[PDB]
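Novice: need a structure here:
(2 chains)
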Amino acid sequence: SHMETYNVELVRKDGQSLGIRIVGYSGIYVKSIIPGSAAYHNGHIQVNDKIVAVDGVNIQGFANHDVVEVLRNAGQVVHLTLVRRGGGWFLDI
Amino acid sequence: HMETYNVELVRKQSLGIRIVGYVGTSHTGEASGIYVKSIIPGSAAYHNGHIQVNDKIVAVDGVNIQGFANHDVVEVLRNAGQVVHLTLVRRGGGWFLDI
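Specialist: Numbers count the residues shown, from 1 in each chain, chains lettered A, B, ... in the order given. Shown next is the structure:
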């Protein structure tokens, strides 16, 4: 059992979103990923990963409006740092 | 806050849930427990809509499974029938944004 920190580069076109629904509460988490999106095609993002940095900026402790502000300026290529809980046993039931 | 839900899943076949078990607290501060890691698209667990990723499963068919290791969970599931009753805990108070 452990924490994994990883970086992604997401590439999209003009007009396109990243393809991530975030949920805010403690931080921002990945709620869902739109199939066919930049986030889907990256292939490394999983539901419930915690987003801790966007485009070089550490967003931990940020209010909603401050999170919105860091993403507003996001371009065609967007860099995120995420944190994921790992280890634990698993079972397919 | 933390919301408790009872769910009733019906199958013929597996429920379509990957669960993960953690013995201790995360570096994020999140508790030990048995959590939904993923759900197979097209499964009974997906159908329900009533199961979400990171839901914490605390009971199965009248058995409190809190603190159970992998093998004890496996044994509980082996007794499960076509109608499986789960109690889950889910974090409420979420705000959402599509990005």
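
Novice: how about the contacts made by the spatially most central residue of chain A?
Specialist: In chain A, the residue lying closest to the centroid (Cα atoms, centre = their mean) is residue A:51, at 4.7 Å. When the contact criterion is Cβ atoms under 8 Å, 6 or more residues apart in numbering or on different chains, the partners of residue A:51 are A:22, A:27, A:28, A:29, A:30, A:59, A:80, A:81, A:82. Heads up, the C-betas are built off the backbone N, CA and C, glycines and all.

Novice: looking at those residues, which is nearest chain B?
Specialist: Proximity of these to chain B (Cβ to the nearest Cβ) peaks at residue A:22, which lies at 5.3 Å.

Novice: which elements pack onto the one helix or strand that closest one maps to?
Specialist: Here residue A:22, judged by DSSP states H and E, is contained in strand A:20-24. The contact analysis (3 or more Cβ pairs under 8 Å, 6 or more residues apart in numbering or on different chains; DSSP states H and E) places strand A:20-24 against strand A:28-33, helix A:64-72, strand B:95-98.

Novice: can you list those in CSV and add distance to residue A:47?
Specialist: Below are the helices and strands packed on strand A:20-24 laid out as CSV (distance: least, Cβ to Cβ, whole Å):
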stretch, distance to residue A:47
strand A:28-33, 5
helix A:64-72, 18
strand B:95-98, 13
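
Novice: let me know which of those is tucked in deepest.
Specialist: Mean neighbour count (mean count of other Cβ atoms under 10 Å in any protein chain shown) peaks for strand A:28-33 among the helices and strands packed on strand A:20-24, with a mean of 21.
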